[PDB]
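Report on the structure given below.
2 protein chains.
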Amino acid sequence: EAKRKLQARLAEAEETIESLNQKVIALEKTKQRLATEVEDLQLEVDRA
Amino acid sequence: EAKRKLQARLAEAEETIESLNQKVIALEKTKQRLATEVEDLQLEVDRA
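For the protein sequence lines, the chains are B and A, in the order given. Residues in the first sequence are numbered consecutively from 1396, following PDB author numbering. Residues in the second sequence are numbered consecutively from 1396, following PDB author numbering.
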């Protein structure tokens, strides 16, 4: 009975790591769109 | 012997879930300091 409680902690772990996994992978994709913009508009700074 | 190896790959999950949650606050702060400049330089590059 010590196992099944401890096994359940994995069962609430493996969702939460998966729950953040979509939450992280969205936010880094929000970076690299806005990352390449601030390189792109930087060339529009010294041009303007 | 099953109780041992269930504990370890629970702990490395516990190692990552502290670290991963430490990133989502951090990369949000990395986002916001980038979120200024893409709102900042855009307000320059049209006024230029």
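The beta-carbon is built from N, C-alpha and C at its ideal position, and this holds for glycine as well.
Test: residue i CB closer than 8 Å to a CB of chain B
i                  : result
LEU1438 of chain A : no
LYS1418 of chain A : yes
Chain A contact for residue i (CB, 8 Å cutoff)
i                  : result
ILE1412 of chain B : yes
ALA1421 of chain B : no
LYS1426 of chain B : yes
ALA1443 of chain B : yes
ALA1408 of chain B : yes
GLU1396 of chain B : no
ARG1399 of chain B : no
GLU1432 of chain B : yes
Endpoints, alpha helix (DSSP H) assigned at residue i
i                  : result
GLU1413 of chain A : 1397–1442
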